[PDB]
$ cat query_20.tsv   # TSV, N, CA and C atoms
chain	number	residue	atom	x	y	z
A	1	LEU	N	0.81	-1.21	0.00
A	1	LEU	CA	0.00	0.00	0.00
A	1	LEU	C	0.85	1.27	0.00
A	2	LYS	N	1.96	1.29	0.75
A	2	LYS	CA	2.74	2.53	0.75
A	2	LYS	C	3.41	2.77	-0.60
A	3	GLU	N	3.92	1.73	-1.27
A	3	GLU	CA	4.47	2.08	-2.59
A	3	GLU	C	3.39	2.31	-3.64
A	4	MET	N	2.22	1.68	-3.53
A	4	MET	CA	1.20	1.96	-4.54
A	4	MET	C	0.70	3.39	-4.40
A	5	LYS	N	0.58	3.90	-3.18
A	5	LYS	CA	0.23	5.31	-3.06
A	5	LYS	C	1.41	6.22	-3.38
A	6	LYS	N	2.64	5.74	-3.20
A	6	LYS	CA	3.78	6.50	-3.70
A	6	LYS	C	3.72	6.63	-5.22
A	7	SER	N	3.03	5.69	-5.88
A	7	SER	CA	2.91	5.69	-7.33
A	7	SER	C	1.78	6.57	-7.85
A	8	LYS	N	1.00	7.20	-6.96
A	8	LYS	CA	-0.02	8.18	-7.34
A	8	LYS	C	-1.10	7.58	-8.25
A	9	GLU	N	-1.70	6.49	-7.79
A	9	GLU	CA	-2.97	6.00	-8.33
A	9	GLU	C	-4.00	5.95	-7.21
A	10	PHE	N	-5.24	6.30	-7.55
A	10	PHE	CA	-6.29	6.50	-6.55
A	10	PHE	C	-7.42	5.48	-6.62
A	11	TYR	N	-7.58	4.77	-7.73
A	11	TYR	CA	-8.78	4.00	-8.03
A	11	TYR	C	-8.43	2.52	-8.00
A	12	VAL	N	-8.96	1.80	-7.02
A	12	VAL	CA	-8.57	0.41	-6.80
A	12	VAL	C	-9.80	-0.46	-6.59
A	13	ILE	N	-9.68	-1.73	-7.00
A	13	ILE	CA	-10.68	-2.76	-6.76
A	13	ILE	C	-10.07	-3.81	-5.85
A	14	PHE	N	-10.72	-4.07	-4.71
A	14	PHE	CA	-10.21	-5.03	-3.74
A	14	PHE	C	-10.83	-6.39	-4.01
A	15	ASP	N	-10.08	-7.27	-4.66
A	15	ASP	CA	-10.48	-8.67	-4.77
A	15	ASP	C	-10.14	-9.36	-3.46
A	16	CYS	N	-11.13	-9.53	-2.60
A	16	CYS	CA	-10.88	-9.98	-1.24
A	16	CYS	C	-12.03	-10.84	-0.75
A	17	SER	N	-11.74	-11.65	0.25
A	17	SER	CA	-12.73	-12.50	0.90
A	17	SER	C	-13.33	-11.78	2.10
A	18	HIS	N	-14.32	-12.43	2.72
A	18	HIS	CA	-14.95	-11.86	3.90
A	18	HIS	C	-13.98	-11.73	5.06
A	19	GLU	N	-13.11	-12.73	5.25
A	19	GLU	CA	-12.17	-12.69	6.38
A	19	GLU	C	-11.18	-11.55	6.23
A	20	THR	N	-10.62	-11.38	5.03
A	20	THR	CA	-9.65	-10.32	4.80
A	20	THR	C	-10.30	-8.94	4.86
A	21	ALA	N	-11.62	-8.88	4.70
A	21	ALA	CA	-12.32	-7.60	4.77
A	21	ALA	C	-12.16	-6.96	6.14
A	22	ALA	N	-12.27	-7.77	7.20
A	22	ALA	CA	-12.21	-7.24	8.56
A	22	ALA	C	-10.86	-6.59	8.83
A	23	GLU	N	-9.78	-7.17	8.30
A	23	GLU	CA	-8.45	-6.61	8.51
A	23	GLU	C	-8.11	-5.48	7.56
A	24	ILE	N	-8.60	-5.51	6.32
A	24	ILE	CA	-8.34	-4.37	5.44
A	24	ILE	C	-9.09	-3.13	5.94
A	25	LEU	N	-10.30	-3.32	6.48
A	25	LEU	CA	-11.07	-2.16	6.94
A	25	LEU	C	-10.45	-1.51	8.17
A	26	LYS	N	-9.55	-2.20	8.87
A	26	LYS	CA	-8.81	-1.56	9.96
A	26	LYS	C	-7.44	-1.06	9.53
A	27	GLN	N	-6.74	-1.77	8.65
A	27	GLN	CA	-5.48	-1.24	8.15
A	27	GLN	C	-5.69	0.04	7.36
A	28	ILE	N	-6.83	0.15	6.66
A	28	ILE	CA	-7.14	1.38	5.93
A	28	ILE	C	-7.24	2.56	6.88
A	29	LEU	N	-7.62	2.32	8.13
A	29	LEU	CA	-7.50	3.36	9.15
A	29	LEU	C	-6.07	3.48	9.65
A	30	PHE	N	-5.34	2.36	9.73
A	30	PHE	CA	-4.03	2.39	10.38
A	30	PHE	C	-3.01	3.20	9.59
A	31	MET	N	-2.93	3.02	8.26
A	31	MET	CA	-1.80	3.68	7.59
A	31	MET	C	-1.92	5.19	7.63
A	32	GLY	N	-3.13	5.73	7.77
A	32	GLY	CA	-3.33	7.15	7.93
A	32	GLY	C	-3.71	7.90	6.67
A	33	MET	N	-3.78	7.23	5.53
A	33	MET	CA	-4.12	7.86	4.27
A	33	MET	C	-5.55	7.47	3.90
A	34	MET	N	-6.47	8.44	4.01
A	34	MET	CA	-7.90	8.17	3.88
A	34	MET	C	-8.57	9.26	3.03
A	35	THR	N	-7.81	9.96	2.19
A	35	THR	CA	-8.33	11.12	1.48
A	35	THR	C	-9.45	10.72	0.52
A	36	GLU	N	-10.29	11.70	0.20
A	36	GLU	CA	-11.45	11.47	-0.66
A	36	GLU	C	-11.05	11.17	-2.10
A	37	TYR	N	-9.80	11.42	-2.47
A	37	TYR	CA	-9.37	11.15	-3.84
A	37	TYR	C	-9.42	9.66	-4.16
A	38	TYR	N	-9.39	8.82	-3.13
A	38	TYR	CA	-9.40	7.38	-3.32
A	38	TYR	C	-10.80	6.86	-3.61
A	39	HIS	N	-10.85	5.76	-4.36
A	39	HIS	CA	-12.08	5.03	-4.64
A	39	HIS	C	-11.84	3.56	-4.32
A	40	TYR	N	-12.79	2.96	-3.61
A	40	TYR	CA	-12.63	1.60	-3.10
A	40	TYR	C	-13.78	0.74	-3.59
A	41	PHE	N	-13.53	-0.57	-3.65
A	41	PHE	CA	-14.56	-1.52	-4.02
A	41	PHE	C	-14.26	-2.86	-3.37
A	42	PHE	N	-15.29	-3.52	-2.84
A	42	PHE	CA	-15.16	-4.84	-2.25
A	42	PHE	C	-15.90	-5.87	-3.10
A	43	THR	N	-15.25	-7.01	-3.35
A	43	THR	CA	-15.83	-8.04	-4.19
A	43	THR	C	-16.83	-8.93	-3.46
A	44	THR	N	-16.76	-9.01	-2.13
A	44	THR	CA	-17.68	-9.85	-1.39
A	44	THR	C	-19.09	-9.26	-1.43
A	45	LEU	N	-20.08	-10.11	-1.16
A	45	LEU	CA	-21.48	-9.71	-1.19
A	45	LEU	C	-21.99	-9.24	0.16
A	46	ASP	N	-21.12	-9.13	1.17
A	46	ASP	CA	-21.53	-8.76	2.52
A	46	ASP	C	-21.00	-7.36	2.83
A	47	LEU	N	-21.91	-6.45	3.17
A	47	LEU	CA	-21.53	-5.12	3.62
A	47	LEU	C	-22.27	-4.70	4.88
A	48	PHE	N	-23.39	-5.34	5.21
A	48	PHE	CA	-24.16	-5.03	6.40
A	48	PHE	C	-23.76	-5.87	7.61
A	49	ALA	N	-22.87	-6.84	7.42
A	49	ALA	CA	-22.36	-7.65	8.52
A	49	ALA	C	-21.08	-7.08	9.13
A	50	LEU	N	-20.50	-6.05	8.52
A	50	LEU	CA	-19.28	-5.43	9.03
A	50	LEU	C	-19.60	-4.01	9.47
A	51	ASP	N	-18.81	-3.49	10.41
A	51	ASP	CA	-19.08	-2.17	10.97
A	51	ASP	C	-18.95	-1.08	9.91
A	52	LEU	N	-20.02	-0.31	9.73
A	52	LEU	CA	-20.01	0.89	8.90
A	52	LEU	C	-20.50	2.06	9.74
A	53	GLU	N	-19.67	3.08	9.87
A	53	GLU	CA	-20.02	4.29	10.60
A	53	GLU	C	-19.88	5.47	9.67
A	54	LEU	N	-20.90	6.34	9.66
A	54	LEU	CA	-20.99	7.38	8.64
A	54	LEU	C	-19.83	8.37	8.74
A	55	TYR	N	-19.45	8.74	9.96
A	55	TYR	CA	-18.54	9.85	10.17
A	55	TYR	C	-17.06	9.46	10.25
A	56	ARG	N	-16.71	8.17	10.26
A	56	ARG	CA	-15.28	7.85	10.25
A	56	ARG	C	-14.66	8.26	8.92
A	57	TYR	N	-15.37	8.03	7.82
A	57	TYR	CA	-14.94	8.52	6.52
A	57	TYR	C	-15.45	9.94	6.32
A	58	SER	N	-14.68	10.73	5.59
A	58	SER	CA	-15.00	12.13	5.33
A	58	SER	C	-15.52	12.31	3.91
A	59	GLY	N	-16.23	11.31	3.41
A	59	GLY	CA	-16.76	11.34	2.07
A	59	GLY	C	-16.03	10.50	1.04
A	60	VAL	N	-15.27	9.48	1.46
A	60	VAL	CA	-14.60	8.63	0.50
A	60	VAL	C	-15.64	7.90	-0.35
B	1	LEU	N	-12.78	21.57	12.47
B	1	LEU	CA	-11.72	21.07	11.60
B	1	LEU	C	-12.22	20.87	10.17
B	2	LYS	N	-13.51	20.61	9.97
B	2	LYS	CA	-14.03	20.48	8.61
B	2	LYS	C	-13.89	21.80	7.84
B	3	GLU	N	-14.35	22.90	8.43
B	3	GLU	CA	-14.12	24.20	7.78
B	3	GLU	C	-12.64	24.55	7.74
B	4	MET	N	-11.87	24.17	8.77
B	4	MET	CA	-10.46	24.54	8.78
B	4	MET	C	-9.70	23.88	7.64
B	5	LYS	N	-9.98	22.60	7.38
B	5	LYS	CA	-9.40	21.95	6.21
B	5	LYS	C	-10.00	22.50	4.93
B	6	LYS	N	-11.27	22.91	4.96
B	6	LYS	CA	-11.84	23.59	3.80
B	6	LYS	C	-11.25	24.98	3.59
B	7	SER	N	-10.55	25.52	4.59
B	7	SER	CA	-9.96	26.85	4.50
B	7	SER	C	-8.55	26.83	3.91
B	8	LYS	N	-8.13	25.69	3.35
B	8	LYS	CA	-6.80	25.54	2.75
B	8	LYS	C	-5.69	25.84	3.77
B	9	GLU	N	-5.96	25.52	5.03
B	9	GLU	CA	-4.99	25.71	6.10
B	9	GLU	C	-4.81	24.39	6.84
B	10	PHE	N	-3.56	24.05	7.14
B	10	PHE	CA	-3.22	22.74	7.66
B	10	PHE	C	-2.45	22.77	8.97
B	11	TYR	N	-2.23	23.95	9.56
B	11	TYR	CA	-1.32	24.10	10.70
B	11	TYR	C	-2.09	24.69	11.87
B	12	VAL	N	-2.45	23.84	12.83
B	12	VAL	CA	-3.26	24.23	13.98
B	12	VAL	C	-2.49	23.91	15.25
B	13	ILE	N	-2.55	24.82	16.22
B	13	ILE	CA	-2.02	24.60	17.56
B	13	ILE	C	-3.13	23.99	18.40
B	14	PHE	N	-2.81	22.94	19.14
B	14	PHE	CA	-3.76	22.32	20.06
B	14	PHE	C	-3.25	22.52	21.48
B	15	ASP	N	-3.71	23.59	22.11
B	15	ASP	CA	-3.39	23.89	23.50
B	15	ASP	C	-4.54	23.36	24.36
B	16	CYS	N	-4.23	22.43	25.25
B	16	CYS	CA	-5.27	21.70	25.96
B	16	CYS	C	-4.68	21.04	27.20
B	17	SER	N	-5.57	20.64	28.10
B	17	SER	CA	-5.18	19.92	29.31
B	17	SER	C	-4.93	18.45	28.99
B	18	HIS	N	-4.48	17.71	30.01
B	18	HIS	CA	-4.13	16.31	29.82
B	18	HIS	C	-5.33	15.50	29.34
B	19	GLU	N	-6.44	15.59	30.06
B	19	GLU	CA	-7.63	14.83	29.68
B	19	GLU	C	-8.14	15.29	28.32
B	20	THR	N	-8.23	16.61	28.11
B	20	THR	CA	-8.68	17.12	26.83
B	20	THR	C	-7.73	16.73	25.71
B	21	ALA	N	-6.43	16.71	25.99
B	21	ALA	CA	-5.47	16.20	25.02
B	21	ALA	C	-5.81	14.76	24.65
B	22	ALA	N	-6.12	13.93	25.65
B	22	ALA	CA	-6.46	12.54	25.37
B	22	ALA	C	-7.69	12.44	24.49
B	23	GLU	N	-8.77	13.15	24.85
B	23	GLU	CA	-9.98	13.04	24.04
B	23	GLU	C	-9.75	13.56	22.62
B	24	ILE	N	-9.04	14.68	22.46
B	24	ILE	CA	-8.87	15.22	21.12
B	24	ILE	C	-7.99	14.31	20.28
B	25	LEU	N	-6.95	13.71	20.88
B	25	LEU	CA	-6.09	12.83	20.10
B	25	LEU	C	-6.85	11.59	19.65
B	26	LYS	N	-7.60	10.95	20.57
B	26	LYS	CA	-8.35	9.77	20.15
B	26	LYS	C	-9.44	10.14	19.16
B	27	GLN	N	-9.99	11.35	19.28
B	27	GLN	CA	-11.05	11.81	18.38
B	27	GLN	C	-10.53	12.03	16.96
B	28	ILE	N	-9.41	12.75	16.83
B	28	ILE	CA	-8.85	13.02	15.51
B	28	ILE	C	-8.32	11.73	14.89
B	29	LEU	N	-7.77	10.83	15.71
B	29	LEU	CA	-7.45	9.50	15.19
B	29	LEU	C	-8.71	8.74	14.79
B	30	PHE	N	-9.84	9.04	15.45
B	30	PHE	CA	-11.06	8.29	15.16
B	30	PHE	C	-11.60	8.61	13.78
B	31	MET	N	-11.64	9.90	13.39
B	31	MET	CA	-11.97	10.12	11.98
B	31	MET	C	-10.81	9.71	11.07
B	32	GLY	N	-9.59	10.13	11.39
B	32	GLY	CA	-8.47	9.75	10.55
B	32	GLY	C	-7.73	10.91	9.90
B	33	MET	N	-7.64	12.05	10.58
B	33	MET	CA	-6.81	13.15	10.10
B	33	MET	C	-5.36	12.78	10.39
B	34	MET	N	-4.83	11.90	9.53
B	34	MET	CA	-3.62	11.17	9.86
B	34	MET	C	-2.66	11.13	8.67
B	35	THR	N	-2.76	12.08	7.76
B	35	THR	CA	-1.90	12.15	6.59
B	35	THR	C	-0.80	13.19	6.80
B	36	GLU	N	0.06	13.32	5.80
B	36	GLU	CA	1.16	14.27	5.84
B	36	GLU	C	0.69	15.69	5.54
B	37	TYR	N	-0.61	15.89	5.36
B	37	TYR	CA	-1.18	17.20	5.10
B	37	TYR	C	-1.63	17.86	6.40
B	38	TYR	N	-1.05	17.45	7.52
B	38	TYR	CA	-1.38	18.01	8.82
B	38	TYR	C	-0.13	18.08	9.67
B	39	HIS	N	-0.14	19.01	10.62
B	39	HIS	CA	0.95	19.19	11.56
B	39	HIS	C	0.35	19.69	12.86
B	40	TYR	N	0.31	18.83	13.87
B	40	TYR	CA	-0.36	19.12	15.12
B	40	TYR	C	0.66	19.27	16.24
B	41	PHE	N	0.36	20.16	17.17
B	41	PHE	CA	1.29	20.50	18.24
B	41	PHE	C	0.53	20.44	19.56
B	42	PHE	N	1.16	19.86	20.58
B	42	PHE	CA	0.63	19.88	21.94
B	42	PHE	C	1.56	20.69	22.83
B	43	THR	N	1.00	21.70	23.49
B	43	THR	CA	1.74	22.43	24.51
B	43	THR	C	1.71	21.74	25.86
B	44	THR	N	0.90	20.69	26.01
B	44	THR	CA	0.90	19.93	27.24
B	44	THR	C	2.26	19.30	27.46
B	45	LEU	N	2.80	19.47	28.67
B	45	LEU	CA	4.18	19.10	28.94
B	45	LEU	C	4.38	17.60	29.04
B	46	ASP	N	3.32	16.82	29.25
B	46	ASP	CA	3.41	15.37	29.29
B	46	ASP	C	2.86	14.80	27.99
B	47	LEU	N	3.77	14.33	27.13
B	47	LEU	CA	3.39	13.51	25.99
B	47	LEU	C	4.10	12.16	26.01
B	48	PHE	N	4.99	11.93	26.97
B	48	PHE	CA	5.63	10.64	27.17
B	48	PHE	C	5.00	9.84	28.30
B	49	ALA	N	4.26	10.49	29.19
B	49	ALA	CA	3.54	9.82	30.26
B	49	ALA	C	2.08	9.55	29.89
B	50	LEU	N	1.68	9.90	28.68
B	50	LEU	CA	0.32	9.69	28.20
B	50	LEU	C	0.38	8.68	27.07
B	51	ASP	N	-0.77	8.10	26.75
B	51	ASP	CA	-0.81	6.96	25.84
B	51	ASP	C	-0.40	7.40	24.44
B	52	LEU	N	0.89	7.30	24.13
B	52	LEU	CA	1.41	7.55	22.80
B	52	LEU	C	2.33	6.41	22.39
B	53	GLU	N	2.06	5.83	21.22
B	53	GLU	CA	2.94	4.85	20.60
B	53	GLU	C	3.15	5.23	19.14
B	54	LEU	N	4.40	5.14	18.68
B	54	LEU	CA	4.79	5.68	17.38
B	54	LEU	C	4.29	4.85	16.20
B	55	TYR	N	3.91	3.59	16.43
B	55	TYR	CA	3.55	2.72	15.32
B	55	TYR	C	2.23	3.11	14.67
B	56	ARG	N	1.32	3.72	15.42
B	56	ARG	CA	0.20	4.42	14.79
B	56	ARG	C	0.70	5.55	13.91
B	57	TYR	N	1.74	6.25	14.36
B	57	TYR	CA	2.23	7.43	13.66
B	57	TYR	C	3.00	7.00	12.42
B	58	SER	N	2.36	7.12	11.27
B	58	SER	CA	2.99	6.85	9.99
B	58	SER	C	2.74	7.91	8.94
B	59	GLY	N	1.73	8.76	9.10
B	59	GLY	CA	1.45	9.78	8.12
B	59	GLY	C	1.50	11.21	8.64
B	60	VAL	N	1.20	11.44	9.92
B	60	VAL	CA	1.12	12.80	10.44
B	60	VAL	C	2.37	13.10	11.26
$ encode --input "query_20.tsv" --output "C-alpha cells"
Amino acid sequence: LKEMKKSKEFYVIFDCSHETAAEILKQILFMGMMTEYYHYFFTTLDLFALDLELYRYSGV
Amino acid sequence: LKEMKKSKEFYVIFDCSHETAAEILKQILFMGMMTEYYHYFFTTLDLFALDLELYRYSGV
C-alpha cells in the first residue's frame, strides 16, 4: 500500500474475501491515508455484517 | 476542523489539558486526520507519560 500510493494512483478494486475484509477495513484506518481522492470496491457480497459508521470517513 | 481543512490551512495549535489532550487525540485519530497534510502541536508538557505509541504514527 505505501508504494502503490507512492505511485499516485487512486482508483482500486479489492479482490478480497470476507475474512480479509475485517483486517483491510482496519489497516485502511491504520496507515493514515484516507483522502477522498481514493475510490474503493469490495468483491464480497456482505456489507451489512461489518461495521459501517458514517462519520469515520469524510466522504470517500 | 471540517471548515479549517476547507480553509486551505493545515497548521493548527492544540493547547489543551491532559484529559482534553487525550480526548482530542483519540477523536482526531477516530476520523483519521492522519496524513502528511497536517501538523499538530501539543503544549501539554506530558506527551511521554500519556498513551502515545509511534507505530500508529505513519502519516502525520
$ residues_near_point --input "query_20.tsv" --point "(3.4, 20.1, 29.0)" --cutoff "10 Å" --atoms "only C-alpha atoms" --output "ChimeraX atom specification"
/B:15-18,42-48
$ atom_distance --input "query_20.tsv" --atom1 "atom N of residue 31 in chain B" --atom2 "CA of residue 58 in chain B"
15.3 Å
$ calpha_fit_and_write --input "query_20.tsv" --fixed "chain A" --moving "chain B" --output "tab-separated table (two decimals) with N, CA and C atoms, in the coordinates of the input"
chain	number	residue	atom	x	y	z
B	1	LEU	N	0.75	-0.45	-0.90
B	1	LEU	CA	0.03	0.81	-1.07
B	1	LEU	C	0.98	2.00	-1.06
B	2	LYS	N	2.13	1.90	-0.39
B	2	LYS	CA	3.10	3.00	-0.42
B	2	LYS	C	3.62	3.24	-1.85
B	3	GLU	N	4.07	2.18	-2.51
B	3	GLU	CA	4.46	2.35	-3.92
B	3	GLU	C	3.26	2.68	-4.79
B	4	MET	N	2.08	2.13	-4.49
B	4	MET	CA	0.93	2.40	-5.34
B	4	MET	C	0.54	3.87	-5.31
B	5	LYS	N	0.56	4.49	-4.13
B	5	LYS	CA	0.34	5.93	-4.05
B	5	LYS	C	1.52	6.68	-4.64
B	6	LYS	N	2.73	6.14	-4.53
B	6	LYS	CA	3.86	6.75	-5.21
B	6	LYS	C	3.78	6.60	-6.73
B	7	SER	N	2.91	5.72	-7.22
B	7	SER	CA	2.77	5.48	-8.65
B	7	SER	C	1.75	6.42	-9.31
B	8	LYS	N	1.31	7.46	-8.58
B	8	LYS	CA	0.34	8.43	-9.09
B	8	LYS	C	-0.97	7.74	-9.52
B	9	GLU	N	-1.31	6.66	-8.82
B	9	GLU	CA	-2.54	5.92	-9.09
B	9	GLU	C	-3.33	5.80	-7.79
B	10	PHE	N	-4.64	6.03	-7.87
B	10	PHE	CA	-5.48	6.14	-6.70
B	10	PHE	C	-6.67	5.20	-6.69
B	11	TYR	N	-6.79	4.31	-7.68
B	11	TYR	CA	-8.01	3.51	-7.87
B	11	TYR	C	-7.64	2.03	-7.82
B	12	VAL	N	-7.92	1.39	-6.69
B	12	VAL	CA	-7.56	0.00	-6.45
B	12	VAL	C	-8.82	-0.79	-6.13
B	13	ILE	N	-8.92	-2.00	-6.69
B	13	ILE	CA	-9.97	-2.95	-6.35
B	13	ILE	C	-9.48	-3.79	-5.19
B	14	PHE	N	-10.33	-3.97	-4.18
B	14	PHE	CA	-10.01	-4.83	-3.05
B	14	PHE	C	-10.97	-6.01	-3.06
B	15	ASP	N	-10.54	-7.09	-3.69
B	15	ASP	CA	-11.29	-8.34	-3.74
B	15	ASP	C	-10.75	-9.24	-2.62
B	16	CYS	N	-11.62	-9.60	-1.68
B	16	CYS	CA	-11.17	-10.26	-0.47
B	16	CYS	C	-12.35	-10.94	0.21
B	17	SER	N	-12.02	-11.85	1.12
B	17	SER	CA	-13.03	-12.54	1.92
B	17	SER	C	-13.50	-11.65	3.07
B	18	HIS	N	-14.49	-12.15	3.81
B	18	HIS	CA	-15.08	-11.37	4.89
B	18	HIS	C	-14.04	-11.00	5.94
B	19	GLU	N	-13.33	-11.99	6.45
B	19	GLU	CA	-12.32	-11.72	7.48
B	19	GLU	C	-11.22	-10.83	6.92
B	20	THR	N	-10.72	-11.15	5.72
B	20	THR	CA	-9.68	-10.34	5.11
B	20	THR	C	-10.18	-8.93	4.83
B	21	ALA	N	-11.44	-8.79	4.44
B	21	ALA	CA	-12.04	-7.47	4.29
B	21	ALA	C	-11.96	-6.72	5.62
B	22	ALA	N	-12.29	-7.39	6.72
B	22	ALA	CA	-12.24	-6.73	8.02
B	22	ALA	C	-10.84	-6.27	8.35
B	23	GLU	N	-9.84	-7.16	8.21
B	23	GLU	CA	-8.48	-6.75	8.56
B	23	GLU	C	-7.99	-5.62	7.65
B	24	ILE	N	-8.27	-5.68	6.35
B	24	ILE	CA	-7.75	-4.65	5.47
B	24	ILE	C	-8.43	-3.32	5.75
B	25	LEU	N	-9.74	-3.33	6.04
B	25	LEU	CA	-10.41	-2.07	6.32
B	25	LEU	C	-9.88	-1.44	7.60
B	26	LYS	N	-9.75	-2.23	8.68
B	26	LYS	CA	-9.23	-1.65	9.91
B	26	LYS	C	-7.78	-1.22	9.74
B	27	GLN	N	-7.03	-1.93	8.89
B	27	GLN	CA	-5.62	-1.61	8.65
B	27	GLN	C	-5.46	-0.28	7.91
B	28	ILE	N	-6.21	-0.11	6.81
B	28	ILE	CA	-6.12	1.13	6.04
B	28	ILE	C	-6.67	2.30	6.84
B	29	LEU	N	-7.71	2.06	7.64
B	29	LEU	CA	-8.13	3.10	8.58
B	29	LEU	C	-7.06	3.37	9.63
B	30	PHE	N	-6.24	2.35	9.95
B	30	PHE	CA	-5.25	2.53	11.00
B	30	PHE	C	-4.14	3.47	10.57
B	31	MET	N	-3.62	3.33	9.34
B	31	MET	CA	-2.72	4.41	8.91
B	31	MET	C	-3.49	5.70	8.62
B	32	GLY	N	-4.58	5.61	7.87
B	32	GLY	CA	-5.33	6.82	7.59
B	32	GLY	C	-5.43	7.18	6.11
B	33	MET	N	-5.49	6.19	5.23
B	33	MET	CA	-5.75	6.45	3.82
B	33	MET	C	-7.23	6.75	3.68
B	34	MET	N	-7.59	7.99	4.06
B	34	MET	CA	-8.97	8.31	4.34
B	34	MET	C	-9.36	9.66	3.73
B	35	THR	N	-8.67	10.09	2.69
B	35	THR	CA	-8.95	11.35	2.02
B	35	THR	C	-9.73	11.10	0.73
B	36	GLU	N	-10.06	12.18	0.04
B	36	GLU	CA	-10.80	12.12	-1.21
B	36	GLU	C	-9.91	11.73	-2.37
B	37	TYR	N	-8.64	11.44	-2.11
B	37	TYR	CA	-7.69	11.02	-3.14
B	37	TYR	C	-7.64	9.50	-3.24
B	38	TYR	N	-8.70	8.83	-2.81
B	38	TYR	CA	-8.78	7.38	-2.87
B	38	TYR	C	-10.20	6.96	-3.18
B	39	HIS	N	-10.33	5.78	-3.78
B	39	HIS	CA	-11.61	5.20	-4.11
B	39	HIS	C	-11.47	3.69	-4.01
B	40	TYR	N	-12.05	3.10	-2.98
B	40	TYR	CA	-11.88	1.70	-2.68
B	40	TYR	C	-13.18	0.95	-2.91
B	41	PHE	N	-13.06	-0.29	-3.36
B	41	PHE	CA	-14.21	-1.09	-3.75
B	41	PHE	C	-14.08	-2.46	-3.09
B	42	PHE	N	-15.19	-2.96	-2.55
B	42	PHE	CA	-15.25	-4.33	-2.03
B	42	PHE	C	-16.22	-5.14	-2.88
B	43	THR	N	-15.72	-6.26	-3.41
B	43	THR	CA	-16.59	-7.21	-4.09
B	43	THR	C	-17.27	-8.16	-3.12
B	44	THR	N	-16.89	-8.15	-1.85
B	44	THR	CA	-17.57	-8.96	-0.86
B	44	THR	C	-19.02	-8.53	-0.75
B	45	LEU	N	-19.93	-9.50	-0.80
B	45	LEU	CA	-21.35	-9.21	-0.92
B	45	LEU	C	-21.95	-8.69	0.37
B	46	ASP	N	-21.30	-8.90	1.52
B	46	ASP	CA	-21.77	-8.38	2.79
B	46	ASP	C	-20.92	-7.18	3.18
B	47	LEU	N	-21.50	-5.98	3.05
B	47	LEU	CA	-20.92	-4.78	3.64
B	47	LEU	C	-21.91	-4.10	4.59
B	48	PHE	N	-23.13	-4.61	4.71
B	48	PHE	CA	-24.10	-4.13	5.67
B	48	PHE	C	-24.20	-5.02	6.90
B	49	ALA	N	-23.73	-6.26	6.82
B	49	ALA	CA	-23.69	-7.17	7.95
B	49	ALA	C	-22.33	-7.16	8.64
B	50	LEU	N	-21.41	-6.34	8.18
B	50	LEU	CA	-20.07	-6.23	8.75
B	50	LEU	C	-19.94	-4.84	9.35
B	51	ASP	N	-18.95	-4.68	10.22
B	51	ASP	CA	-18.85	-3.47	11.03
B	51	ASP	C	-18.54	-2.27	10.14
B	52	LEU	N	-19.58	-1.59	9.67
B	52	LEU	CA	-19.45	-0.35	8.92
B	52	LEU	C	-20.39	0.69	9.50
B	53	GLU	N	-19.84	1.86	9.83
B	53	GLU	CA	-20.63	3.02	10.22
B	53	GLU	C	-20.14	4.24	9.44
B	54	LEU	N	-21.08	5.04	8.94
B	54	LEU	CA	-20.77	6.10	7.99
B	54	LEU	C	-20.08	7.31	8.63
B	55	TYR	N	-20.16	7.45	9.95
B	55	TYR	CA	-19.63	8.65	10.59
B	55	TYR	C	-18.11	8.70	10.57
B	56	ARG	N	-17.44	7.55	10.55
B	56	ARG	CA	-16.03	7.53	10.18
B	56	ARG	C	-15.83	8.04	8.77
B	57	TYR	N	-16.74	7.68	7.87
B	57	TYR	CA	-16.60	8.01	6.46
B	57	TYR	C	-16.90	9.49	6.25
B	58	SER	N	-15.85	10.28	6.09
B	58	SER	CA	-15.97	11.69	5.78
B	58	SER	C	-15.06	12.16	4.66
B	59	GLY	N	-14.01	11.42	4.32
B	59	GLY	CA	-13.12	11.83	3.27
B	59	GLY	C	-13.00	10.86	2.10
B	60	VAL	N	-13.18	9.56	2.32
B	60	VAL	CA	-12.96	8.58	1.27
B	60	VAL	C	-14.31	8.10	0.74
$ atom_distance --input "query_20.tsv" --atom1 "CA of residue 27 in chain A" --atom2 "CA of residue 54 in chain B"
15.4 Å
$ select_by_dssp --input "query_20.tsv" --residues "chain B" --states "strand (DSSP E or B)" --output "ChimeraX atom specification"
/B:11-14,39-42
$ interface_residues --input "query_20.tsv" --of "chain B" --to "chain A" --cutoff "6 Å" --atoms "only N, CA and C atoms" --output "compact mmCIF listing (two decimals) with N, CA and C atoms, in the coordinates of the input"
# COMPACT_ATOMS: atom_id res chain seq x y z
N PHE B 30 -9.84 9.04 15.45
CA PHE B 30 -11.06 8.29 15.16
C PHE B 30 -11.60 8.61 13.78
N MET B 31 -11.64 9.90 13.39
CA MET B 31 -11.97 10.12 11.98
C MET B 31 -10.81 9.71 11.07
N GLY B 32 -9.59 10.13 11.39
CA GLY B 32 -8.47 9.75 10.55
C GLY B 32 -7.73 10.91 9.90
N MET B 34 -4.83 11.90 9.53
CA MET B 34 -3.62 11.17 9.86
C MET B 34 -2.66 11.13 8.67
N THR B 35 -2.76 12.08 7.76
CA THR B 35 -1.90 12.15 6.59
C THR B 35 -0.80 13.19 6.80
N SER B 58 2.36 7.12 11.27
CA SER B 58 2.99 6.85 9.99
C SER B 58 2.74 7.91 8.94
N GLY B 59 1.73 8.76 9.10
CA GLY B 59 1.45 9.78 8.12
C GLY B 59 1.50 11.21 8.64
$ select_by_dssp --input "query_20.tsv" --residues "chain B" --states "helix (DSSP H, G or I)" --output "list in words"
residues 2, 3, 4, 5, 6, 18, 19, 20, 21, 22, 23, 24, 25, 26, 27, 28, 29, 30 and 31 of chain B
$ residues_around --input "query_20.tsv" --residues "residue 10 in chain B" --least-positions-apart "4" --cutoff "6.5 Å" --atoms "all atoms listed in the file" --output "compact mmCIF listing (two decimals) with N, CA and C atoms, keeping the file's coordinate frame"
# COMPACT_ATOMS: atom_id res chain seq x y z
N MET B 4 -11.87 24.17 8.77
CA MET B 4 -10.46 24.54 8.78
C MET B 4 -9.70 23.88 7.64
N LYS B 5 -9.98 22.60 7.38
CA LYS B 5 -9.40 21.95 6.21
C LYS B 5 -10.00 22.50 4.93
N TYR B 37 -0.61 15.89 5.36
CA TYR B 37 -1.18 17.20 5.10
C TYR B 37 -1.63 17.86 6.40
N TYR B 38 -1.05 17.45 7.52
CA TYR B 38 -1.38 18.01 8.82
C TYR B 38 -0.13 18.08 9.67
N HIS B 39 -0.14 19.01 10.62
CA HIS B 39 0.95 19.19 11.56
C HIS B 39 0.35 19.69 12.86
